[PDB]
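One chain comes next, on its own, written as structure tokens: the form deposited in one PDB entry.
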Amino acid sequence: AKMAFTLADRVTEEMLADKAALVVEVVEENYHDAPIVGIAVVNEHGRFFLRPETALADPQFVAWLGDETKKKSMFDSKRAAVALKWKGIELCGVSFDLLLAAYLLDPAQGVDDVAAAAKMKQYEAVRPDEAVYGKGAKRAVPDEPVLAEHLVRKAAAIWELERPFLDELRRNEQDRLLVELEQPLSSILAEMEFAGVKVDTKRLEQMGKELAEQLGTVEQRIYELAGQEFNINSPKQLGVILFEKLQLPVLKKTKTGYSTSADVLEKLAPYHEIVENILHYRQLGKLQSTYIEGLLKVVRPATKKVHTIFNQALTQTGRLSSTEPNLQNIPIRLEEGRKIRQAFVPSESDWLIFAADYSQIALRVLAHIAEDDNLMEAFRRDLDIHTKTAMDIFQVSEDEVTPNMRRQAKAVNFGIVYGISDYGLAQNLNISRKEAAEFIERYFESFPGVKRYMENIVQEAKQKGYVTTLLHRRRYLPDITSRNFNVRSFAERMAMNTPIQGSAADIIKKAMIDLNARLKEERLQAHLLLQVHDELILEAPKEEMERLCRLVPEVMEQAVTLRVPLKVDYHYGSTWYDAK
């Protein structure tokens, strides 16, 4: 706890060295259009704090920020890059991101600030953010001297921690994963978040007004069927109605009371007309609260754009998550909800939305990894395995498969390969539990390689204490040797699933990097808007569609070469809804 630094009133030449740890501090969780409260720079010449009004209106500091040959080490550089974009400033030359480094070394640590990263190497000369800024309503930027010291201590930590973190990544064979995949991706996500997605608020509001009326009609029907008014959105009050007043069978309990999950209620549909109406009500209510109202709340009124934040250092598998708003869970399965997608439109006139999705990429990845002959065969003969399962499940022909049936058969394929039980399967399909068990048996017998892979991957996790993905991402599984059956089982199924979902995540990230480079090298105006796990969404002038119809799927397909091919479907249209 002893560290000298300069509290600078102006920018000097020595603050602009070609190598520096840089902190650009943004305290609000949502960094879009959020205040930069201070800057700190640490380099061979010393340690510096600058006020943002000083630094960010200085033409030399702005120049240095934007000079890719001036290298910066940071923590959460995407947060800084995006905040700086909202201030009209370009940040380049980020060569090390401690957040992403810590994330690759162990995603379970939940590293979310520099102090937490520091603890991984027993570096303790830096405070946690929460201790400096406080919590909830008490959250505040502290007095300049305290803030200055905090930002400089963070910068010093990044400075000292870079080499030890790189060394450990290197020992793990994850240095290139960080430097050639996650760090370049961070810059691409920053562009996408800043660009935002344009929303047709006129249409969304009209939808919302019509939905409110429809919701009211269903709400009354429900009260009529119940013989009484009650809060449908309280599973507690609903439970009394269904299971006490109406005396319907109790199929499941939670720790707080009776279950009213969709799975359960669907099973009660033959007992009383009220259950179907409740399900419908809860769907419509979620549309209203989340995809109409919640979405309008986050629309930037002046531009009509929404700006998601893609969390790149959160999930345990290597996936992204999307927040405020989550643009990776916009409805599609039911037509009622799918219409929400009509409100997502191109950011200018005569542009179009272009959507491309990998076909069954998880399962191709698994065919490659397991080297299963049959499954590989199905993808080398390139069939549609989900539809095939559907033909089997509903004892119907190819042309006889309805989009809902395939979706049910897709969940069954995913279920079985990832360790669903006979109980779980029998429930989902309403067959005898013996039938369910026989079906799983027939399944693994039809794909013995997948069978062997899943047995082997579990024993490997027991022995090493972690599993890996195709590009060397890691997940530690300390619970896999637990004496407790449930605990051990959950860990075992993580060993079965994480390597595949995580590998699929590795591949699409690589494709995003490849695609962006091809787009920029052709000076196309087309740019990425969103990633939805196995899908990439772009917008571009209508004139560019032809080029995109070739380039996007080709780049995606070539991102990696597996034993089986990768296949991508694509569509475009005037709205996200129409890109189908």
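Quick note: we count residues from 1 along the sequence shown, nothing fancier. Only the largest set of C-alpha atoms that superpose within 1.5 Å between the two forms is called the rigid core.
Beyond what is shown, the protein has a form deposited in another entry; the following relates to that form.
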>> Quick check on the comparison between this form and the one not shown: with the core aligned, only one of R176, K434, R163, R380 should show a Cα shift of at least 2 Å. Which one is it?
In response: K434
>> Checking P301 here: with the core superposed, does its CA move 2 Å or more between this form and the one not shown?
In response: no
> If we fit on the core, is the Cα of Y466 displaced 2 Å or more between this form and the one not shown?
Replying inline: no
>> Once the core is superposed between this form and the one not shown, does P403 show a C-alpha displacement of at least 2 Å?
In response: yes
> Closer or farther: the CA pair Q408/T575 in the other form, versus this form, with a change of 3 Å or more?
Replying inline: farther
> With a C-alpha distance change of 3 Å or more, do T402 and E335 lie closer or farther in the other form?
Replying inline: farther
